[PDB]
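Only one structure is covered here, and it is reproduced in the block below.
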Amino acid sequence: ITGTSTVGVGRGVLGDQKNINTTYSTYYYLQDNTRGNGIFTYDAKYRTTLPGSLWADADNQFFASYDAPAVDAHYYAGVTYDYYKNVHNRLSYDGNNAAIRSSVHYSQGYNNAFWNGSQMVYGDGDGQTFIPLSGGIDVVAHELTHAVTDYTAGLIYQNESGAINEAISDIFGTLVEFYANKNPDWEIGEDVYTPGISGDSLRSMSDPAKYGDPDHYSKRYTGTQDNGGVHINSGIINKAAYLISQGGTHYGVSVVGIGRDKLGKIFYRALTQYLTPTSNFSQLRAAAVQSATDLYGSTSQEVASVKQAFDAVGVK
Ligand SMILES: CC(C)C[C@H](NP(=O)(O)CNC(=O)OCc1ccccc1)C(=O)N[C@@H](Cc1ccccc1)C(=O)O
Ligand SMILES: [Ca+2]
Ligand SMILES: [Ca+2]
Ligand SMILES: [Ca+2]
Ligand SMILES: [Ca+2]
Ligand SMILES: [Zn+2]
């Protein structure tokens, strides 16, 4: 909408106060004009019609319980935009400052979040398995990264290409979580998963097997559930990424860590210059090796570590 840029204040899902960029025209709307062609947050009103209504508030104060998921979807979309722009020189998900749209309060007791081809969508959770999913910065960045993937490599959402698609979202979800630097870790969804259980998460990149996901290609799932295991086999790639950044010895194979920034550079270049819609795990290894070669040189530690990491997870 047309209006003047303003700054509201509110509380997110975890009870933390933050400022949010809004737009004033009669009401104050969750429309952030400071980033690209805007970030827009919508109320789905417990229904499944999308996007719903652009979020309107009378006083620019967002402290109601019902406001919290909107505050966080809006704010964390901003953080994710900033990560891509500042770290990778990428302007929104399409590289040309496309408007970023999110809807919250999707359906009733809905324990998921997704990119629907055009926008991000967040359930509120059922209060047992999840609380509102936009409360997780890794979750928000995971969803926006699906849009980045779709506009770039275009990895098909099934089998190995789909597991790479998923791992790319977990990797950049995690790198955004580190960028914001509030309780960062290599776990996925811990801030919004199982409020009654401390210390768990949906997936782990550092030890995928903790939650039943494979950490070696020999353990890959090849059945039909979950689009051929896209959220399962992602563990193999997540583990490789974790090893590249942090190092370790896995099934006797030692990897020298090169840190998060270089992990992000290598995978961003692979995603945007080498991967294609049908890339498999072996092709990802080749893309990452080539990306590290471009950035750091064929004789570099970075190239050596990428090879070690894929060796460690059984991908040649
Ligand atoms: C980061 C977490 C919180 C959300 C994440 N969601 P996501 O990977 O974006 C869901 N993907 C998805 O819905 O793809 C199907 C689709 C394709 C095209 C258009 C619209 C939808 C996830 O890992 N979902 C998993 C795990 C999960 C979470 C919550 C409930 C059930 C399962 C899944 O869907 O399997
Ligand atoms: Ca208000
Ligand atoms: Ca965390
Ligand atoms: Ca996390
Ligand atoms: Ca928990
Ligand atoms: Zn995903």
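Index from 1, following the sequence. In listed order, ligands and their atoms are each counted from 1. What you see below is based on every heavy atom in this structure, not just the backbone, and it leaves out hydrogens, waters and symmetry mates.
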N or O pair under 3.5 Å between [X] and ligand 1:
{"X": "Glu143", "value": "yes"}
{"X": "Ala113", "value": "yes"}
{"X": "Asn111", "value": "no"}
{"X": "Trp115", "value": "no"}

With atoms numbered from 1 as shown, which atoms in ligand 1 lie under 4.0 angstrom from a non-hydrogen atom of [X]?
{"X": "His146", "value": "8 (O), 9 (O)"}
{"X": "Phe114", "value": "9 (O), 13 (O)"}
{"X": "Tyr157", "value": "8 (O), 11 (N), 14 (O)"}

**OP:** Start with the C-alpha gap between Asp215 and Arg220, add the side-chain angles, then the distance that decides, and say whether salt bridge (charged side-chain N to carboxylate O under 4.0 Å, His left out) holds.
**Re:** CA-CA 8 Å; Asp215 60 2; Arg220 71 194 178 280; over 6 Å; no
Original post:
Does at least one non-hydrogen atom of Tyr193 fall below 4.0 angstrom from an atom of ligand 1?
Top reply: no
Original post:
Excluding waters, which protein N, O or S atoms are within less than 3.0 Å of the Ca ion (ligand 4)?
Top reply: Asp138 OD2, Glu177 OE1, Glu177 OE2, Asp185 OD1, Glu187 O, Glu190 OE1, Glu190 OE2
**OP:** State yes or no: do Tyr27 and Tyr42 share one hydrophobic cluster built from I, L, V, M, F, W and Y residues joined by side-chain heavy-atom distances below 4.5 Å, directly or via other members?
**Re:** yes
Original post:
So which bit of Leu133 gets within less than 4.0 Å of ligand 1, heavy atoms only: side chain, backbone, both or neither?
Top reply: side chain
Subject >> ligand 1 contact on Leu202 by region, counting heavy-atom pairs under 4.0 Å >> reply: side chain
**OP:** Check step by step if salt bridge (charged side-chain N to carboxylate O under 4.0 Å, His left out) holds for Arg203 and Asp213.
**Re:** CA-CA 8 Å; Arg203 293 180 286 276; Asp213 298 326; 5.7 Å; no
**OP:** Select the closest option to atom 23 (O) of ligand 1 among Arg203, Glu166, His142, judged by heavy-atom distance.
**Re:** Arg203
Original post:
Do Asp124 and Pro69 come close enough that some side-chain heavy atom pair is under 4.5 Å?
Top reply: yes
Indicate every side-chain donor-acceptor pair of residues 240-247 with a distance under 3.5 Å to a residue at least two apart or in another chain.
from: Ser245; atom 1: OG; to: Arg260; atom 2: N; distance (Å): 3.1

**OP:** Please determine if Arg11 and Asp72 form a salt bridge, counting it only when a charged side-chain N lies under 4.0 Å from a carboxylate O.
**Re:** no
Original post:
Does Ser218 offer a backbone N or O that forms a donor-acceptor pair with the side chain of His216 under 3.5 Å?
Top reply: yes
Original post:
Is the backbone N or O of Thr174 less than 3.5 Å from a side-chain atom of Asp138, with the two atoms forming a donor-acceptor pair by type?
Top reply: no
Original post:
Can you find a protein heavy atom closer to atom 28 (C) of ligand 1 than 4.0 Å?
Top reply: yes
Original post:
How about atom 16 (C) of ligand 1: does it have a protein heavy atom within less than 4.0 Å?
Top reply: no
**OP:** Measure the CG-OG1 distance between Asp67 and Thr41 for me, rounded to the nearest 0.5 Å.
**Re:** 12.0 Å
Subject >> Shortest non-hydrogen separation from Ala99 to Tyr93 and the atoms involved >> reply: O-OH, 3.1 Å
Original post:
Picking from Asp32, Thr34, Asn97, what satisfies side chain to side chain contact (heavy atoms under 4.5 Å, CB included) with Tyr81?
Top reply: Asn97
Subject >> Pair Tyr268-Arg90, side chain to side chain donor-acceptor pair (under 3.5 Å): steps then yes or no >> reply: CA-CA 10 Å; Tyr268 182 81; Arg90 186 184 190 80; 3.0 Å; yes
Original post:
Got the closest protein heavy atom to atom 34 (O) of ligand 1, with its distance?
Top reply: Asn112 ND2, 3.0 Å
Subject >> From CA spacing to verdict: side chain to side chain donor-acceptor pair (under 3.5 Å), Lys45, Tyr106 >> reply: CA-CA 7 Å; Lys45 311 182 176 177; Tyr106 178 81; over 6 Å; no
